[PDB]
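Notes to accompany the following structure.
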Amino acid sequence: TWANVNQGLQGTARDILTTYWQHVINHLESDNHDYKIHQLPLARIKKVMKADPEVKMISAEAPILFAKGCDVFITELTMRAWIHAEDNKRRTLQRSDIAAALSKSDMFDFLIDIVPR
Amino acid sequence: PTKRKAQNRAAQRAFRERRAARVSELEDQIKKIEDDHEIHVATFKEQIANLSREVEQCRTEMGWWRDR
Amino acid sequence: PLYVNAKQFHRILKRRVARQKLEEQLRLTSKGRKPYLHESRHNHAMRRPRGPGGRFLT
Amino acid sequence: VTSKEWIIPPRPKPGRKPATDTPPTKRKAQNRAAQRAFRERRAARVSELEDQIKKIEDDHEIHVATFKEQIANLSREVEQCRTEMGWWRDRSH
Amino acid sequence: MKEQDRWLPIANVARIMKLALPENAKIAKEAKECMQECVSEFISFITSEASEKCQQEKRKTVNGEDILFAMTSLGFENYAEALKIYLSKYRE
DNA sequence: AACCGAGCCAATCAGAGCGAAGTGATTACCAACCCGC
DNA sequence: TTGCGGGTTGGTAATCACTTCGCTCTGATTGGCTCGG
Ligand SMILES: [Cl-]
Ligand code: NA
Ligand code: NA
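Residue numbers (the authors' numbering), protein chains in the order written: chain C, 48 to 164; chain E, 61 to 128; chain A, 233 to 290; chain D, 38 to 130; chain B, 41 to 132.
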């Protein structure tokens with residue numbers, strides 16, 4: 048249920064991720080959400096979905112969920128990847144740093160076609 | 061006007077025809093699922109009888125090596 | 233071992249089918265990205281009044 | 038990682054606002070009551086049919102599980118009796 | 041349908057990455073383009089699992105509940121139980 | 001020593017949003033007819 | 001032949017939603033230089 052948080056993550060790297068998800072959950076339970084203000088534009092999320100010609104009609108909700116879900120996705124991966132860079136003494140987040148983080152958890156096994164071994 | 065009022069009918073007619081189609085479908089889905097399983101239950105009863113006879117033969121043989 | 237996540241595996245293969253089919257319909261020959269998209273912005277990027285270090289300004 | 042028990046509220050059901058007013062005739066009132074019932078009774082026999090399906094689906098899963106266990110119990114009894122017999126056989130001579 | 045419809049805007053994806061990391065950090069143009077491709081697949085991946093399930097019940101509309109189901113189905117329990125709170129505050 | 005690259009920058013204009021129209025879905029009403037009592 | 005109560009119909013009404021096209025204002029695109037790495 049919450050096993051994906053520190054999956055392939057140990058040391059102080061496990062706490063920082065759990066600390067994030069907790070901050071996420073707390074601000075999802077707390078602050079008044081403006082469902083117009085979004086870091087990722089709703090219109091394009093719908094286009095990415097409607098890029099699959101199997102999908103026809105989409106509820107206004109799904110884009111709004113994906114907008115937040117993607118924000119939290121990008122942020123956790125970037126952080127996971129950022130550890131790999133600091134372990135290898137780098138200030139620049141490389142493609143390999145991301146790749147390296149995707150192999151840590153079996154949750155990212157859908158991206159293997161985007162970034163092969 | 062008639063362009064929408066009579067369309068509302070065409071879209072309702074569709075509703076009743078879809079609901080009348082699902083009630084019939086799911087009624088026939090019960091006949092299949094209850095028959096398909098009436099087969100499976102009869103298949104296992106065939107195995108139990110054969111497995112039981114197989115036990116009885118092997119128990120009679122081990123009985124033969126002890127029955128003296 | 234090399235055994236992947238079973239929950240996704242079934243959907244991962246389904247995507248490979250849809251992902252391949254689309255790439256052909258898009259008429260896209262190259263696998264790599266383009267250097268730019270919009271010519272008006274590219275043309276505005278040359279017209280662009282710059283400084284000595286290549287930074288823009290007005 | 039902890040969260041509270043959050044429940045998704047159902048999306049607002051579509052259709053025509055149910056008439057707030059009471060009809061001023063008992064003859065059209067009992068009509069309304071009996072017709073309103075008809076719309077629920079019909080809508081219920083298709084709703085209750087998913088329960089009929091999922092009852093069979095679950096009641097048949099339990100009986101299948103009993104057999105698949107019962108044949109494995111009777112399968113191990115054969116595999117037991119074979120080797121046990123094999124011992125008596127060898128120890129006889 | 042265009043070609044770059046299958047991706048989200050790179051500058052938007054990049055901006056979320058800048059915020060995730062310290063101010064003194066830098067992010068490879070390759071790494072940004074990788075993230076863009078990733079997050080864009082994350083959408084299409086979850087959508088397809090919600091799309092087929094909807095075609096079984098023979099719906100046309102794909103609703104947020106269908107998304108939250110598809111997430112738990114593809115082992116995104118954490119995401120599903122997080123966005124469950126976002127949808128509940130939305131619907132009221 | 002040799003190389004590779006991300007920040008830097010702020011104006012263009014392709015799109016993000018917004019609302020309107022359209023159509024579908026869904027629930028509710030009713031007059032009319034039937035049936036049992 | 002009265003009266004009472006329930007079922008059924010087709011037709012209308014009402015609310016929610018989903019799309020498409022139009023207008024507006026935004027913020028994503030944009031590359032050449034430096035110093036780092
Ligand atoms: Cl905080
Ligand atoms: Na935050
Ligand atoms: Na917030």
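Where a beta carbon is used, it is the ideal one built from N, C-alpha and C, also for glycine.
Contact under 8 angstroms by Cβ, residue i with residue j
i      : j      : result
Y67/C  : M126/C : yes
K124/B : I45/D  : yes
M96/C  : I105/C : yes
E81/B  : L158/C : yes
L75/C  : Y130/B : no
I86/B  : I121/C : no
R142/C : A65/B  : no
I108/D : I93/E  : no
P60/D  : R69/D  : yes
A90/B  : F109/B : yes
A90/C  : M41/B  : no
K103/C : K93/B  : no
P281/A : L289/A : yes
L48/B  : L140/C : no
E123/C : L64/C  : yes
Three-state class that DSSP yields for residue i in the structure shown
i             : result
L258/A        : coil
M41/B         : coil
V102/C        : coil
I45/D         : coil
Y67/C         : helix
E132/B        : coil
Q72/D         : helix
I93/E         : helix
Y126/B        : helix
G116/C        : helix
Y119/B        : helix
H131/C        : helix
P110/C        : helix
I107/B        : helix
residue 153/B : Nothing can be reported for residue 153/B, as the shown portion of chain B is limited to 41 through 132.
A50/C         : coil
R119/E        : helix
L56/C         : coil
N79/C         : coil
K151/C        : coil
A81/E         : helix
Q96/B         : helix
Paired residues, beta bridge with residue i - DSSP
i      : result
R282/A : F288/A
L140/C : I67/B
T101/B : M104/C
Residue burial classification, residue i (beta-carbon count within 10 angstroms, cutoff 16)
i      : result
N118/B : buried
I67/B  : buried
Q67/D  : exposed
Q252/A : exposed
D156/C : buried
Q76/B  : buried
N110/E : exposed
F116/B : buried
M122/D : buried
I72/C  : buried
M278/A : exposed
Self-check item: Contact list for the segment 80-107 of chain B against chain C, Cβ threshold 9 angstroms
Solution: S80, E81, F82, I83, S84, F85, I86, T87, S88, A90, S91, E92, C94, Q95, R99, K100, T101, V102, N103, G104, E105, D106, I107
Practice problem: May I ask you to list, following chain order, the residues of the segment 266-277 of chain A that have a beta carbon less than 7 angstroms from some beta carbon of chain B? | Solution: Answer in chain order: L269.
Quiz item: Listed from N- to C-terminal order along the chain, which residues in the segment 109-127 of chain B have their beta-carbon within a distance smaller than 8 angstroms of any beta-carbon of chain A?
Solution: Within the segment 109-127 of chain B, those residues whose Cβ lies closer than 8 angstroms to any Cβ of chain A are, in chain order, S113, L114, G115.
Practice problem: Select from the segment 132-155 of chain C all residues with a C-beta closer than 8 angstroms to any C-beta belonging to chain D, and list them in chain order. | Solution: none
Quiz item: Which residues, in chain order, does the segment 70-96 of chain E contribute to contact with chain D at a C-beta distance below 8 angstroms?
Solution: Flagged, chain order: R79, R82, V83, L86, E87, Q89, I90, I93, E94.
Quiz item: What are the residues of the segment 52-66 of chain C that lie near chain D, defined by any Cβ-Cβ distance shorter than 8 angstroms?
Solution: Those would be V52, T65, in chain order.
Quiz item: Using Cβ-Cβ distances below 7 angstroms, what residues of the segment 234-247 of chain A are close to chain B?
Solution: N237, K239, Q240, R243, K246, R247
Quiz item: In chain order, what are the residues with a CB under 7 angstroms from some non-hydrogen atom of ligand 5?
Solution: Looking for ligand 5 in the displayed structure turns up nothing; the ligands present are ligand 1, ligand 2 and ligand 3.
Practice problem: Give the residues from the segment 67-79 of chain C that approach chain D closer than 7 angstroms (Cβ to any Cβ), ordered along the chain. | Solution: Those would be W68, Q69, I72, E76, in chain order.
Quiz item: Along the segment 62-74 of chain B, what residues have a CB closer than 8 angstroms to any CB found in chain A?
Solution: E73
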